[PDB]
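Reading through the structure tokens given below for one structure.
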Amino acid sequence: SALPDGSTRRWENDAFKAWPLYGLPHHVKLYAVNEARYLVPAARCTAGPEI
Amino acid sequence: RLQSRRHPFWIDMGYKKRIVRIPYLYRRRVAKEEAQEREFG
Amino acid sequence: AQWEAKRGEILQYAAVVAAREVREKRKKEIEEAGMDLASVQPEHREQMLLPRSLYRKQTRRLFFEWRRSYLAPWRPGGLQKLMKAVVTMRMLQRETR
Amino acid sequence: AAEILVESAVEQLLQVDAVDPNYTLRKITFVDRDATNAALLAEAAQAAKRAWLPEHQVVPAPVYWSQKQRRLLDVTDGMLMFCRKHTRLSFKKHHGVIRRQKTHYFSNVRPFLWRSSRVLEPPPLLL
Amino acid sequence: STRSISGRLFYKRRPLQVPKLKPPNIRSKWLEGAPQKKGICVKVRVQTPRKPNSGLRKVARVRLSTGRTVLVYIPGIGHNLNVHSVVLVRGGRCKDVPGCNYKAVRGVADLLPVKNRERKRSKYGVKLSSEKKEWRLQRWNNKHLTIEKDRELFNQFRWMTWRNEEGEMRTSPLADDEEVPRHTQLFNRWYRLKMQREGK
Amino acid sequence: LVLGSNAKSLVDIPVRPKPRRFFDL
Amino acid sequence: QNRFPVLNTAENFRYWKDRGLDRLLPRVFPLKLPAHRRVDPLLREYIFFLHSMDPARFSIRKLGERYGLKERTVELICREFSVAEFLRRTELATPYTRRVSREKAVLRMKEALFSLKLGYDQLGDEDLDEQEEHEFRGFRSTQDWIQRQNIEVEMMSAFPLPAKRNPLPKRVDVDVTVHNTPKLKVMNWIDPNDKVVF
RNA sequence: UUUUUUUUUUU
RNA sequence: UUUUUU
RNA sequence: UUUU
RNA sequence: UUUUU
RNA sequence: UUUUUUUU
């Protein structure tokens with residue numbers, strides 16, 4: 001390029017996973033499903049309050 | 001992996017040595033090959 | 001945000017800026033160092049006055065020149081100025097009362 | 001939780017967050033049945049008193065004396081000639097790897113050890 | 001097992017059972033524990049090595065200061081020891097020569113000149129660094145080895161603005177017959193700093 | 001290796017030392 | 001064979017770990033970075049100002065609660081900020097040309113790269129106080145240094161079993177300061193093993 | 001490898 | 001002395 | 001002595 | 001030894 | 001954005 005510009009900068013393959021962010025959308029959906037499967041022992045526990 | 005034992009000073013000096021040494025080796029190899037073709041090939 | 005959008009505009013503008021300075025500055029250097037440019041090849045006349053090295057270096061330096069606006073949030077005592085002038089307003093009023 | 005309460009009481013009295021001071025509230029007390037809790041509460045009070053009243057402002061001894069004998073030193077541009085250095089970065093240039101475990105111990109460890117217990121430097125005294 | 005412990009005299013029977021001798025330092029035993037011992041030579045001969053090793057090995061019987069005679073090998077080319085000569089011996093075993101378990105020391109010994117021809121092993125041959133060899137280690141200037149790759153690069157981005165050495169900026173690098181100049185700051189940096197410092 | 005040593009610099013061209021511009025705290 | 005739906009079992013311990021042939025497989029891991037550097041530089045100035053203005057109203061603990069910062073982390077922000085400003089006002093040297101070890105130089109590069117990809121954090125995300133939780137912190141966490149045992153064996157019985165022997169605290173020597181003077185520093189050596197106090 | 005500290009598990 | 005570049 |  | 005190109 | 005990458 002004739003005009004000096006930083007157009008040659010490129011990201012690295014390992015850079016994407018080196019600085020992750022716990023804000024992506026495709027984790028909440030999976031977490032919700034696991035929540036139901038994790039609380040099943042008490043959901044089907046037809047016992048008294050103590051148990 | 002085995003740990004390092006050499007003095008830091010020597011370690012650092014090795015990198016400095018290679019700055020001017022390394023380039024000379026590359027040019028020395030091509031000097032013979034390029035000259036051979038210009039007079040025989 | 002504005003700066004980012006107008007990146008292309010700014011950079012293109014600064015290209016001609018450096019041309020008027022590099023050409024004039026290089027003309028004096030050759031005159032003091034060299035003897036004359038009358039016997040030089042016409043093809044090399046343009047490259048000598050506007051070399052690809054100074055042109056690219058000056059353009060980058062001049063491009064940044066335009067930058068550095070909004071000097072308020074300056075690390076070396078640029079943020080404290082607003083706070084100092086804000087809080088103090090309330091103190092005078094209170095004192096009077 | 002204790003520190004929150006105590007710290008809050010003081011501010012009310014002084015009415016810091018008020019453009020128009022309206023002194024109405026001039027009596028704050030805390031009552032606790034539990035003995036254990038009561039004792040703890042007292043501690044909080046002490047901390048509150050510090051850094052607020054000028055009569056209970058502590059200061060370390062090492063810095064207290066330095067602050068007393070204050071002076072104005074004029075440093076010119078030529079006095080910082082030797083302060084600057086050539087190398088940018090710095091790091092240890094000699095590994096701490098010991099060569100002789102016994103020879104060094106009986107030359108620079110035993111003479112400098114006069115106690116049979118490992119004791120670290122005590123904290124400074126507050127004045 | 002614990003079968004050897006039986007009996008009220010276990011503290012006097014077990015301990016008296018020595019396993020073996022001391023294999024190490026079994027040959028060099030006439031030195032009386034001294035690292036080195038001086039001696040005098042009284043016999044010079046040439047002992048033929050055992051088979052299948054052929055050739056001839058030079059040896060000499062050196063009389064130790066402790067009144068004991070033992071053969072000693074003289075490694076290295078040449079020979080200068082004669083009858084009634086003082087030479088310092090040391091440890092070392094020779095497989096080719098049977099019985100010999102000592103070696104001579106060059107230099108420190110008496111009337112033992114330096115080796116004839118040797119450059120690789122210096123300490124071994126007690127050879128001091130010659131003045132000629134020392135001067136050769138200081139000559140380091142072989143950096144000027146430009147190639148065609150440098151020629152093209154120079155006449156693309158380093159020919160417009162470039163300061164020469166003497167007094168001139170614009171040069172003629174495009175000419176094939178001409179030679180591209182060298183760097184005035186980086187080329188030959190180590191040699192220049194050392195030579196300019198000793199000049200005082 | 002065809003070029004040996006023809007033009008050499010020994011004392012003719014001096015070397016400028018490195019200036020000091022890194023203040024140490 | 002057994003039912004135990006929890007997250008503190010033998011198999012569930014150290015979840016997402018290579019157990020088999022995957023140990024030798026190369027895997028990329030995130031790069032750690034201190035919290036006091038991930039915060040927005042802008043906010044650091046603000047925080048420092050407050051501290052230096054009124055330490056009484058703006059205490060070290062109260063200031064860190066609003067922005068969600070630990071007592072130890074907030075202390076470094078003021079200390080690191082102070083020195084940076086001191087060299088600029090006094091016209092001593094620029095921060096870029098400041099001398100520092102190589103360990104900090106690499107840290108600075110990561111801080112700049114962290115924001116260039118994601119961006120600076122407007123507010124810290126950390127708990128002021130700790131919480132007792134089951135986590136793997138080194139190899140010295142899942143070991144009993146008092147009894148020096150890994151596997152606990154006990155008798156199976158419904159009746160109350162006798163309790164175990166409780167350990168005693170280790171008595172060690174300490175030092176305290178009594179009188180401090182500019183030209184002398186007096187200290188006292190405490191010996192807890194001495195029966196007579198006097 | 002800590003500005004005002006002689007304190008600091010600095011890393 | 002050149003190249004690259006929040 | 002890039003603290004004599 | 002010398003030192004802001 | 002600092003004589004930054006860059007190294008007596």
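Quick note on naming: the chains in the structure tokens go A, B, ... in the order shown, residues restart at 1 in each chain, and ligands are numbered from 1 in order of appearance.
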- Message: as a ChimeraX atom specification, please: the residues near residue A:18 (cut-off 10 Å, only C-alpha atoms (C1' of nucleotides), same-chain neighbours under 3 positions excluded).
- Response: /A:12-15,21 /G:28-32,114
Put those residues in a file: N, CA and C atoms, as a PDB file, in the first residue's frame.
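Wrote it out as part.pdb, contents follow:
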ATOM      1  N   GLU A  12      -3.039 -14.245  15.924  1.00  0.00           N
ATOM      2  CA  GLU A  12      -2.478 -15.584  16.008  1.00  0.00           C
ATOM      3  C   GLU A  12      -3.564 -16.600  16.352  1.00  0.00           C
ATOM      4  N   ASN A  13      -3.321 -17.850  15.952  1.00  0.00           N
ATOM      5  CA  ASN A  13      -4.287 -18.912  16.218  1.00  0.00           C
ATOM      6  C   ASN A  13      -4.469 -19.133  17.714  1.00  0.00           C
ATOM      7  N   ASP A  14      -3.376 -19.117  18.475  1.00  0.00           N
ATOM      8  CA  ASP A  14      -3.435 -19.340  19.913  1.00  0.00           C
ATOM      9  C   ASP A  14      -3.853 -18.099  20.691  1.00  0.00           C
ATOM     10  N   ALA A  15      -3.918 -16.934  20.043  1.00  0.00           N
ATOM     11  CA  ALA A  15      -4.308 -15.716  20.742  1.00  0.00           C
ATOM     12  C   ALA A  15      -5.781 -15.719  21.125  1.00  0.00           C
ATOM     13  N   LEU A  21     -13.229 -14.861  27.278  1.00  0.00           N
ATOM     14  CA  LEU A  21     -14.154 -14.019  28.028  1.00  0.00           C
ATOM     15  C   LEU A  21     -15.373 -14.851  28.387  1.00  0.00           C
TER      16      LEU A  21
ATOM     17  N   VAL G  28      -3.415 -25.304  24.743  1.00  0.00           N
ATOM     18  CA  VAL G  28      -3.226 -23.895  25.067  1.00  0.00           C
ATOM     19  C   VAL G  28      -4.036 -23.553  26.309  1.00  0.00           C
ATOM     20  N   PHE G  29      -3.481 -22.685  27.150  1.00  0.00           N
ATOM     21  CA  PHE G  29      -4.124 -22.263  28.382  1.00  0.00           C
ATOM     22  C   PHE G  29      -4.170 -20.744  28.447  1.00  0.00           C
ATOM     23  N   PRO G  30      -5.164 -20.179  29.132  1.00  0.00           N
ATOM     24  CA  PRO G  30      -5.238 -18.716  29.237  1.00  0.00           C
ATOM     25  C   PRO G  30      -4.082 -18.158  30.050  1.00  0.00           C
ATOM     26  N   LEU G  31      -3.678 -16.937  29.710  1.00  0.00           N
ATOM     27  CA  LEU G  31      -2.585 -16.275  30.408  1.00  0.00           C
ATOM     28  C   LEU G  31      -3.129 -15.457  31.573  1.00  0.00           C
ATOM     29  N   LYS G  32      -2.588 -15.697  32.763  1.00  0.00           N
ATOM     30  CA  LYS G  32      -3.026 -14.985  33.953  1.00  0.00           C
ATOM     31  C   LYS G  32      -2.525 -13.546  33.931  1.00  0.00           C
ATOM     32  N   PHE G 114      -4.048  -7.319  26.231  1.00  0.00           N
ATOM     33  CA  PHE G 114      -5.321  -7.740  26.807  1.00  0.00           C
ATOM     34  C   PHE G 114      -6.450  -6.797  26.415  1.00  0.00           C
TER      35      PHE G 114
END
Legend entry - Test item, strand (DSSP E or B) assignment across chain E, answer as an NGL selection string: :E and (37-47 or 57-64 or 68-73 or 85-91 or 102-104)
Using only C-alpha atoms (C1' of nucleotides), find the residues of chain F whose closest atom to chain J is at most 12 Å away, then write them as a ChimeraX atom specification.
/F:20,22-25
*In Å, how far is it from atom CA of residue C:30 to atom CA of residue C:50?*
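Straight-line distance from atom CA of residue C:30 to atom CA of residue C:50 works out to 11.8 Å.
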Quiz prompt | Neighbour list for residue C:47 as number ranges by chain, cut-off 10 Å, only C-alpha atoms (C1' of nucleotides), skip fewer than 5 positions in-chain | solution = C: 42, 52; E: 159-161
Selection from above, N, CA and C atoms, as a compact mmCIF listing (two decimals), in the first residue's frame, can you write it?
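Listing of again00.txt after writing:
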# COMPACT_ATOMS: atom_id res chain seq x y z
N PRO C 42 17.46 13.04 -15.56
CA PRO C 42 16.10 13.47 -15.20
C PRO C 42 15.31 12.40 -14.46
N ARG C 52 11.63 7.63 -0.91
CA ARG C 52 10.60 6.80 -0.30
C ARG C 52 10.81 6.63 1.20
N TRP E 159 19.48 3.56 -1.60
CA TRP E 159 20.31 4.29 -2.55
C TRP E 159 19.92 5.76 -2.68
N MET E 160 18.70 6.13 -2.30
CA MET E 160 18.27 7.52 -2.40
C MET E 160 18.98 8.38 -1.37
N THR E 161 18.80 8.06 -0.09
CA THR E 161 19.43 8.77 1.02
C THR E 161 20.41 7.82 1.70
As a PDB file with N, CA and C atoms, in the first residue's frame, please: the residues near stretch 109-116 of chain D (cut-off 12 Å, only C-alpha atoms (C1' of nucleotides), same-chain neighbours under 4 positions excluded).
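This went into result.pdb:
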ATOM      1  N   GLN D 101      28.164 -27.057  49.843  1.00  0.00           N
ATOM      2  CA  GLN D 101      27.150 -26.972  50.889  1.00  0.00           C
ATOM      3  C   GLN D 101      27.777 -26.884  52.275  1.00  0.00           C
ATOM      4  N   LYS D 102      28.875 -27.605  52.502  1.00  0.00           N
ATOM      5  CA  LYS D 102      29.519 -27.627  53.809  1.00  0.00           C
ATOM      6  C   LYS D 102      30.510 -26.483  53.988  1.00  0.00           C
ATOM      7  N   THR D 103      31.312 -26.192  52.974  1.00  0.00           N
ATOM      8  CA  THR D 103      32.316 -25.135  53.090  1.00  0.00           C
ATOM      9  C   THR D 103      31.657 -23.780  53.294  1.00  0.00           C
ATOM     10  N   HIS D 104      30.575 -23.490  52.563  1.00  0.00           N
ATOM     11  CA  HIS D 104      29.858 -22.230  52.733  1.00  0.00           C
ATOM     12  C   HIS D 104      29.138 -22.162  54.072  1.00  0.00           C
ATOM     13  N   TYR D 105      28.608 -23.281  54.559  1.00  0.00           N
ATOM     14  CA  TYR D 105      27.855 -23.261  55.810  1.00  0.00           C
ATOM     15  C   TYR D 105      28.745 -22.880  56.988  1.00  0.00           C
ATOM     16  N   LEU D 120      12.020 -14.064  62.655  1.00  0.00           N
ATOM     17  CA  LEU D 120      12.028 -13.022  61.640  1.00  0.00           C
ATOM     18  C   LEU D 120      12.028 -11.640  62.290  1.00  0.00           C
TER      19      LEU D 120
ATOM     20  N   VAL G 172       6.854 -21.237  69.482  1.00  0.00           N
ATOM     21  CA  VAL G 172       8.048 -20.720  68.830  1.00  0.00           C
ATOM     22  C   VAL G 172       8.368 -19.348  69.408  1.00  0.00           C
ATOM     23  N   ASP G 173       9.625 -18.947  69.252  1.00  0.00           N
ATOM     24  CA  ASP G 173      10.082 -17.666  69.769  1.00  0.00           C
ATOM     25  C   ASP G 173       9.725 -16.540  68.806  1.00  0.00           C
ATOM     26  N   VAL G 174       9.426 -15.374  69.373  1.00  0.00           N
ATOM     27  CA  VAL G 174       9.065 -14.182  68.622  1.00  0.00           C
ATOM     28  C   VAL G 174       9.790 -12.988  69.234  1.00  0.00           C
ATOM     29  N   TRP G 189      13.052 -10.167  73.669  1.00  0.00           N
ATOM     30  CA  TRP G 189      12.972 -11.542  73.187  1.00  0.00           C
ATOM     31  C   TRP G 189      12.002 -12.307  74.081  1.00  0.00           C
TER      32      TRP G 189
END
- [ ] Identify every residue of chain I that has at least one atom within 10 Å of any atom of chain A, counting only C-alpha atoms (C1' of nucleotides), and report the result as a PyMOL selection string.
- [x] chain I and resi 4-6
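What separates atom CA of residue D:123 from atom CA of residue D:60 is a distance of 9.9 Å.
The interatomic distance for the pair atom CA of residue F:14 and atom CA of residue E:180 works out to 20.7 Å.
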- [ ] At a cut-off of 10 Å, list the chain G residues touching chain H, using only C-alpha atoms (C1' of nucleotides), as a PyMOL selection string.
- [x] chain G and resi 79-80+82-84+86-87+100-104+182
Counting only C-alpha atoms (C1' of nucleotides), which residues in chain G sit no more than 8 Å from chain L? For each one, give the nearest pair of atoms and the distance in Å, sorted by chain then residue number, as JSON lines.
{"residue": "G:94", "atom": "CA", "partner": "L:2", "partner_atom": "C1'", "distance": 7.6}
{"residue": "G:96", "atom": "CA", "partner": "L:2", "partner_atom": "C1'", "distance": 5.7}
{"residue": "G:97", "atom": "CA", "partner": "L:2", "partner_atom": "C1'", "distance": 7.4}
Same residues, N, CA and C atoms, saved as a JSON list (two decimals), in the first residue's frame:
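File part-v3.json, as written:
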[["chain", "number", "residue", "atom", "x", "y", "z"],
["G", 94, "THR", "N", 10.56, 9.97, 31.66],
["G", 94, "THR", "CA", 9.28, 9.48, 31.16],
["G", 94, "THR", "C", 9.03, 8.05, 31.64],
["G", 96, "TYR", "N", 8.01, 5.50, 29.97],
["G", 96, "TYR", "CA", 8.48, 4.52, 29.00],
["G", 96, "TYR", "C", 9.97, 4.26, 29.15],
["G", 97, "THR", "N", 10.75, 5.31, 29.41],
["G", 97, "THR", "CA", 12.20, 5.19, 29.55],
["G", 97, "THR", "C", 12.62, 4.78, 30.96]]
